[PDB]
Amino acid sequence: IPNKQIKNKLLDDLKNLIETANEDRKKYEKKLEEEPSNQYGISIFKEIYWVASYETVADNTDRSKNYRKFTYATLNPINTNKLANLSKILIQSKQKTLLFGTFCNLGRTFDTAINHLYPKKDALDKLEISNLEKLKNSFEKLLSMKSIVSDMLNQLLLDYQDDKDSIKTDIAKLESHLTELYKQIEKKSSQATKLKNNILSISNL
């Protein structure tokens, strides 16, 4: 009830969300630094081209390296040794450029929100209870959009291995499944853009 305790509970929660989210970032940065030659078997990177170029997302450029890093943010919880199998399923996606586009976007949107908040994680007390709450619910939701995307792609590995809905034995069903997945993830991506923006809006600091 007394506002000091409310305010401080919120500074506690933001503190913990911000460090948990920083651990995730230290982890996908490290996933890039230790990326082997074959990019964990994600051969789809080679098939994805910048806008009017022969440069792929597999090449050794800053923008290419960042695209794969943000993709590894989104895929961060999947076991590294399953990414080859994940890429084999997705190669069959009719919208893999767009799909991978959204992986990059969730990663980047995420990365921007934590890069903005990490340096301020101990000095959020200048905000007022209303828009400290909005900050916390916004960021926690952002973490959530990206987590769900990770769960969805993890689940696809098991469903495909199980032949669920005949996804393994029927290519047409695999395709519409993958298409539906891309719509789901695309919403999560749009929704993640709004929340990075909300967050940047109310935490100038």
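All residue numbers refer to positions in the sequence shown, first residue = 1.
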Inset, instruction - For the higher mean C-alpha B factor in the entry, choose 167-175 or 138-146. - result: 167-175
Inset, instruction - On mean C-alpha B-factor from the PDB entry, just flag whether 45-53 or 64-72 is the higher one. - result: 45-53
Legend entry - Member of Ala84, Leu90, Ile129, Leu106 with the greatest C-alpha B factor (per the PDB record): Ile129
Inset, instruction - State the tercile, meaning the lowest, middle or highest third, of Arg25 with respect to the CA B-factors recorded for its chain. - result: lowest
Legend entry - Third of the chain, ranked by Cα B-factor, where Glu35 sits: middle
Legend entry - Ranked C-alpha temperature factor of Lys9 among modelled chain residues, by third: highest
Inset, instruction - Going by the recorded CA B-factors, say which third of the chain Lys15 sits in, lowest, middle or highest. - result: middle
Legend entry - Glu180, C-alpha B-factor rank within chain (lowest, middle or highest third): highest
